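Residue numbers (the deposited numbering): 323 to 386.
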């Protein structure tokens with residue numbers, strides 16, 4: 323029963339690829355840039371756990 327649910331979904335997905343190639347509109351531009359912003363946001367957490375390792379949490383709120 324699962325074998326004919328899938329083949330219409332394979333055809334519809336494959337028709338979505340060619341329609342996007344015609345439009346010059348790529349599907350995963352957000353998913354490609356989100357992983358380029360989970361790296362810039364991981365070099366800020368690497369730096370913030372340095373300041374929080376040298377100075378504790380009581381120093382961290384006292385300098386506000």
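Beta carbons: idealized from backbone N, C-alpha and C, even for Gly.
C-alpha distance - residue i paired with residue j, whole-angstrom precision
i, j, result
"residue 358", "residue 350", "13 Å"
"residue 376", "residue 364", "19 Å"
"residue 327", "residue 333", "11 Å"
"residue 348", "residue 324", "30 Å"
"residue 338", "residue 368", "40 Å"
"residue 392", "residue 353", "There is no way to answer for residue 392, as the model of the chain reaches only from 323 to 386."
For residue i, three-class secondary structure by DSSP
i, result
"residue 371", "helix"
"residue 378", "coil"
"residue 344", "helix"
"residue 332", "helix"
Range covered by the alpha helix (DSSP H) that runs through residue i
i, result
"residue 385", "From DSSP, residue 385 is part of no alpha helix (DSSP H); its letter is neither H nor E."
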